[PDB]
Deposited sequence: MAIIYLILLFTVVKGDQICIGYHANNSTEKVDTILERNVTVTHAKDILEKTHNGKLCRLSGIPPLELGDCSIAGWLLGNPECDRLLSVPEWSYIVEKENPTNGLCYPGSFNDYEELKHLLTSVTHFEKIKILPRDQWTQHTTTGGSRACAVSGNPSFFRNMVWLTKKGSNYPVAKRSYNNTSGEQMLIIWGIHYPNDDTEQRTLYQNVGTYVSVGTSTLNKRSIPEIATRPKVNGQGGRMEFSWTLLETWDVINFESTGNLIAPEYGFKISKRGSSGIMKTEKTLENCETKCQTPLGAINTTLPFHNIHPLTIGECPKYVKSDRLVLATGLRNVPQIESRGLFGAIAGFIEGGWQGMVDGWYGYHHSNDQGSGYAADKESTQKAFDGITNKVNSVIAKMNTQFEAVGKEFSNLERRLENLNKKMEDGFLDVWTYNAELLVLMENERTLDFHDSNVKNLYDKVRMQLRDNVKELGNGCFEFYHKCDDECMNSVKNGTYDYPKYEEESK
């Protein structure tokens, strides 16, 4: 007796296919990454700029509450709170704020130079402060200078600066909007003041917009700050008859490319990632994850799925070709050195023997299928998270419409890819067993009867050495011409 069978085990591993659901399989592979390390790490050897609970505005201006900030010269992404607590301690806005944040998202190299020393403002008062930026005496943004009148005079304030630092330089200035005409006169003496700033390409003139406002942080006044990148060997001109908040420092900056701000509560924790999420770092080979949409780095695609499992083994039986769970009704728990093999009732022993060469062709194939699915996915560095003012609601909605559009597409493709390929994997094994059976039938023919359960009854004495002529595809028909039929 010779029998063609297939492998079985104690697996409870389930998969879905196009045609059937919850189908138990021999071996399987999850291709969806769902675990992180819950840490917040450094991105490819380069740390994040950690802001604690300051805002970029607050950090750059020199809010006294950002003094203990600790600044690296490099950083690869920024960490901020979804709602920071130390920003403009003096009320105001920041022109093109989001553009500025996006510009500082990632940096070479970035250092703070002193470009316009306080004391050189010789005809003006410099110590101007406010209870709003208080340390319990009134202080002010440490990087800026509030030029006010000296005595009863405010002469034209006018300085320039040639960018000799060798690198593109970020420079910030501001204009102060008083609460009323009287407060204007006591700070600046003059009424029709203006702030004028100009470079080669920049060319801007502001005038104070005096108006009655509710108090924010106990102040009815406001400051509107602006910023420019001063190109190398170019000069920036300030001229003002009042209301200027002058920079004292500039920031040398260089960039390789762009990145993201990560909105989170966590804190850098000393490690390494190629891919960071607000919940933790991801180290994975798999092509999909479902951890968090807002990642930074080279990440697996984010999918709205919570199971993506490829069958690799075979239908676990305690098809399209009619073999597995077909004319060969069940699998063999015994044979464990292959996926398909032989079982023989003889006069010596009996008798499980794996078909190495056919199990090998299949380990190769299925290994290739898995690797096709995984290795064909392209993962370049991206930043996902994005920033919009509350007058860019449409733009923000456009961005969400896009992220969501790709999310729907990848999920659908993934789900269906897994389902379709699982149906073909099973048929694959089913075909392999069926061709095994046939690779024996077309060879025995008359020296055996077709029993049914994938068995052949021998018309002669087939000792262990004859049973090996069948297993290795080299059985001779001529030799056994004994007709017991």
Item to check | Gaps in the model (deposited sequence, numbered from 1) | outcome: 1 to 16, 152, 336 to 340
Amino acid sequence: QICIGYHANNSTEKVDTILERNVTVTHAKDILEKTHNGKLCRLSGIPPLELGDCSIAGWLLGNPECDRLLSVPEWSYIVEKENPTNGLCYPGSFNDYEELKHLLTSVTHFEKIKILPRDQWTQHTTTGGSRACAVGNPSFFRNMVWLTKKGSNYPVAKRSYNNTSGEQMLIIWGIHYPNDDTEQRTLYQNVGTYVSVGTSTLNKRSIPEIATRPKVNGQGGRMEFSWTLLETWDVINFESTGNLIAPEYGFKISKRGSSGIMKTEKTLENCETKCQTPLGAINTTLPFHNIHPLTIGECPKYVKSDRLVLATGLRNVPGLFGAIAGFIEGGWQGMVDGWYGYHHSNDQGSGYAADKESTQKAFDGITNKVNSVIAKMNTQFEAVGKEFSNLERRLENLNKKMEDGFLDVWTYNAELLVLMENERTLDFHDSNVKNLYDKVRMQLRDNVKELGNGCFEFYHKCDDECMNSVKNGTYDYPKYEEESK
From here on, numbers count along this sequence of modelled residues.
Next on the checklist: Highest mean C-alpha temperature factor of the two stretches 273 to 281 and 347 to 355, which is it?
Outcome noted: 347 to 355
Checklist entry - Would 319 to 327 or 238 to 246 have the larger average of its C-alpha temperature factors, as given in the entry? => result 319 to 327
Item to check | Residue with maximal Cα B-factor (values as given in the PDB entry) among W59, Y437, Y459, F428 | outcome: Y459
Checklist entry - Whose CA atom has the top B-factor in the entry, of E74, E382, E111, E98? => result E74
Item to check | Ranked against its chain, the third holding the CA B-factor of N422 | outcome: lowest
Checklist entry - For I115, does the deposited CA B-factor place it in the lowest, middle or highest third of the chain? => result middle
Checklist entry - Would the CA B-factor of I31 place it in the lowest, middle or highest third of its chain? => result lowest
Next on the checklist: Split into thirds by Cα B-factor across the chain's modelled residues, where does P178 land: lowest, middle or highest?
Outcome noted: lowest
Item to check | Third of the chain's Cα B-factor distribution that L416 belongs to, per the entry | outcome: lowest
